[PDB]
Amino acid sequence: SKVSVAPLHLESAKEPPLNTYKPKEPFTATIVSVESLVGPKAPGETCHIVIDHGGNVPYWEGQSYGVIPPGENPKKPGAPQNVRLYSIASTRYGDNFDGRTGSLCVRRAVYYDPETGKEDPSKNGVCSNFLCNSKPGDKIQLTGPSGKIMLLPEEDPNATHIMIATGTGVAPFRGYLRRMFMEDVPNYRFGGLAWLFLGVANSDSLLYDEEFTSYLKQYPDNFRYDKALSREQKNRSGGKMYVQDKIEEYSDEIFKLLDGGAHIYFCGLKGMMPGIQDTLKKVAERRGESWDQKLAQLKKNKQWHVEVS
């Protein structure tokens, strides 16, 4: 039932591609499609952008593309805009299974006057709105790919991977999970446990929910899926249900998975990390263990993968 992908030679590279294109001479790619991923009650629009790179900017799952929006640097006249990085939300074969496209998961950065609620498009985010405003056939200046922290360790195809995302931080995990469960990749037959924790504002802010729910039904012994809907659910203390609260629910089980060698990944808002770290520390110290030492050991054993901003 897995999807045929091509071309298999994307499996042959021994090292991840890195900085194939640089800001000084970006690759001119072409938009294939842009679609909203969210419902009307979502607090902002998050869009899914499919980009045709023609096979010229291949990548591994977990990497990022840079995008240079058009225009001049506002704080450097005569100069191009700075690169904005976006975690790639597709597998190396991309959403058309042909190794020609990659996808981004982009939240429109929109400014509202805090008192009047008044929108002001002059203060909106340049690149995020450029991308979600794009249309088929538009050109995109691409750099990269970049990133090694979030590469998926594939040495053990029965490994455990605990994936913790807030909002568009889900992007790399869509790529991981498609590779683990959707695509017919003969050199990676995942037989382990993948456990996605996703925190979003409300049910309408869910990103790729139908896809992840399909893995639940198709691979119930290998995929688990927990959601923290911050504006629809309350945690034990009556505060907003964030991912660190959902982790807390399973904290015993997670710590045991981590002691057995599981990988844990964090992507999204940097603000979630103190709360997550506080949750795991409580479990360690419950057990009589120094969290500082355990975290240092997790990093030395390459189990601890953080890319937040």
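Residue numbers run from 1 along the displayed sequence.
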Higher mean Cα B-factor in the deposited model: 201-209 or 229-237?
229-237
Taking the deposited Cα B-factors and averaging over 217-225 and over 139-147, the higher mean is found in 217-225
Sort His53, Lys270, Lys281, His263 by C-alpha B-factor from the entry and give me just the highest.
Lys281
Comparing recorded Cα B-factors across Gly62, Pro40, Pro70, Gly66, which one is largest?
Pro40
If you rank every modelled residue in this chain by C-alpha B factor, which third holds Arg107: lowest, middle or highest?
lowest
So where's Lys123 on the chain's Cα temperature factor ranking, which third?
middle
Once the chain's modelled residues are ordered by C-alpha B factor and cut into thirds, is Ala79 in the lowest, middle or highest one?
highest
Chain-relative C-alpha B factor for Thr160 (record values, thirds): the middle
By its CA B factor, does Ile254 count among the lowest, middle or highest third of the modelled residues in the chain?
middle
